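Some notes on the structure that comes next.
First listed ligand is number 1; within each ligand, the first listed atom is number 1. Just so you know, residue 1 is the first one in the sequence shown, and it goes up from there.
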Amino acid sequence: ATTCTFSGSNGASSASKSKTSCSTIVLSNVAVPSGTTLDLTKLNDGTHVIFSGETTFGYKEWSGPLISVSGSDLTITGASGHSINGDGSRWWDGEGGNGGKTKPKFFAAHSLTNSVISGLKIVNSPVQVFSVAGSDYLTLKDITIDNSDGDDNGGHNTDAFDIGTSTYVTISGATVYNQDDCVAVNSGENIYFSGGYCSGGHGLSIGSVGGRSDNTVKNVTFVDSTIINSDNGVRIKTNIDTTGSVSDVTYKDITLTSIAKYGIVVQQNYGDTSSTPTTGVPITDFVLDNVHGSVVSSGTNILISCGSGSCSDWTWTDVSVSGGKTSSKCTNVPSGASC
Ligand SMILES: *[C@@H]1O[C@H](CO)[C@@H](O[C@@H]2O[C@H](CO)[C@@H](O[C@H]3O[C@H](CO)[C@@H](O)[C@H](O)[C@@H]3O)[C@H](O)[C@H]2NC(C)=O)[C@H](O)[C@H]1NC(C)=O
Ligand SMILES: *[C@H]1O[C@H](CO)[C@@H](O)[C@H](O)[C@@H]1O
Ligand SMILES: *[C@H]1O[C@H](CO)[C@@H](O)[C@H](O)[C@@H]1O
Ligand SMILES: *[C@H]1O[C@H](CO)[C@@H](O)[C@H](O)[C@@H]1O
Ligand SMILES: *[C@H]1O[C@H](CO)[C@@H](O)[C@H](O)[C@@H]1O
Ligand SMILES: *[C@H]1O[C@H](CO)[C@@H](O)[C@H](O)[C@@H]1O
Ligand SMILES: *[C@H]1O[C@H](CO)[C@@H](O)[C@H](O)[C@@H]1O
Ligand SMILES: *[C@H]1O[C@H](CO)[C@@H](O)[C@H](O)[C@@H]1O
Ligand SMILES: *[C@H]1O[C@H](CO)[C@@H](O)[C@H](O)[C@@H]1O
Ligand SMILES: *[C@H]1O[C@H](CO)[C@@H](O)[C@H](O)[C@@H]1O
Ligand SMILES: *[C@H]1O[C@H](CO)[C@@H](O)[C@H](O)[C@@H]1O
């Protein structure tokens, strides 16, 4: 059993070259050089990684990731008082991932099996924070993401959790202040989100689904969570002219507070809302249970833009969204639901 401590301005290099001799790696006030990844890929099974002090990154216009981890039976945690500081205002230019500077993604959680990431505190990511991909039985718990400075400083596309090609991922106790989706499930199965607080972004989203070889979303649950001061609350987006499926999606015991645009929005014409919704990505067995909240007077309570026949078997129990306009543009609403 070995414990390895890496720190300072050359910590990232040493960690990379010695990671496989370390049972435990502690990362203390590591300053990652510009244009380079903190490469924690391919750790030995059972390795424990502890973030300590303040982790920082040199400035460069590149696409990331800033941190990358992969392997099995890993524990990665944060020590008391630590933070991982992206100092994103260096890149923030109002354009996020769409244009302006090239901005690096923060945390590649790829090819993780049976691992836990707990207690990390991330501050001011340049753009998206967690990219979860190709991972199985991953728990992300008590993660704090504070991009609140981005609200008035050009923060854009600062998604907290982007999930794809993953199964059995559990997210609990997340606290997010950001400017895009709190969660986006692009594809994946058996996803559980609970005890979350999402402020400032675009809601808890399924989507966008379709147009990739990975286009199935199944068995996802959002429960006991608050979405506040966000553009949308509950959201399902499927890409127009694409095929896939979304099934067994549940939102339960959700509080929506001061939603700006849409309390609940389901769009089967995502990508081109001037066109009629298409029917290639059926949304079935969608359940809302005890979902309550308020939309500002200028927003819309509920928008359902379904394709003909491509939305069915919805159950909406104890749902109440008020404060906003009732939409008159809803299409092909299933029997259990309403705008
Ligand atoms: C729909 O997704 C649900 C959430 O992933 C899933 O429930 C989860 O089921 C797994 C079993 O595959 C449970 O996990 C395992 O780990 C615990 C301890 O780590 C063991 O005690 C279990 O025996 C098992 O090995 C999860 O605990 C459970 N998660 C929760 C929050 O319920 C459902 O199984 C999925 N439903 C369908 C029909 O597939
Ligand atoms: C690296 O150095 C630190 C001292 O801060 C220890 O915590 C650890 O055991 C390792 O030797
Ligand atoms: C961080 O800490 C290590 C020892 O833990 C030093 O080797 C390094 O120079 C920096 O002070
Ligand atoms: C990284 O750069 C620092 C800061 O100058 C050094 O002290 C360290 O040993 C490494 O070269
Ligand atoms: C980063 O720096 C460490 C220590 O200087 C080297 O071992 C590594 O190969 C890379 O140059
Ligand atoms: C990173 O840390 C290792 C082990 O402390 C050093 O050997 C290397 O020079 C770099 O500073
Ligand atoms: C991290 O850095 C070390 C040397 O700096 C490499 O050996 C490793 O492949 C990774 O690039
Ligand atoms: C990685 O870290 C180990 C442990 O300090 C060194 O022995 C190795 O040379 C590399 O710097
Ligand atoms: C913990 O892990 C390291 C390498 O992963 C071993 O060298 C050590 O003996 C213990 O198994
Ligand atoms: C490395 O060291 C830490 C503290 O000793 C452990 O938590 C871990 O299991 C591994 O042995
Ligand atoms: C990281 O990026 C900065 C800015 O381009 C360079 O100065 C540095 O040498 C490294 O490539």
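Within the 4.0 Å cut-off (strictly below), a protein heavy atom is located near atom 11 (O) of ligand 4.
Contact check on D181 versus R235 returns a salt bridge, with a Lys/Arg side-chain nitrogen under 4.0 Å from an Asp/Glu carboxylate oxygen.
Taking the six-membered ring for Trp and the full ring otherwise, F57 and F106 have centroids separated by under 6.0 Å.
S199 and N229 share no donor-acceptor pair across their side chains, judged by distance under 3.5 Å alone.
Scanning the protein heavy atoms around atom 7 (O) of ligand 10, the nearest turns out to be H48 ND1, 3.6 Å. Looking at atom 5 (O) of ligand 7, its nearest protein heavy atom turns out to be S13 OG, 3.5 Å. Protein heavy atom at the shortest distance from atom 3 (C) of ligand 10 is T24 OG1, 2.9 Å. Shortest contact from atom 9 (O) of ligand 7 to any protein heavy atom: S16 OG, 4.3 Å.
Checking side-chain atoms of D93 against main-chain N and O of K101 turns up a donor-acceptor pair under 3.5 Å. Checked by atom type and distance alone, the side chain of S230 pairs as donor or acceptor with a backbone atom of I228 at under 3.5 Å.
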Applying side chain to side chain donor-acceptor pair (under 3.5 Å) to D136 and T167, what does each step give before you reach the verdict? CA-CA 5 Å; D136 298 296; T167 64; 2.5 Å; yes
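Residue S23 places no N or O, backbone or side chain, under 3.5 Å from any N or O of ligand 10. Residue contacts with ligand 4: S9 is placed with a nitrogen or oxygen under 3.5 Å of a nitrogen or oxygen of the ligand (distance criterion only).
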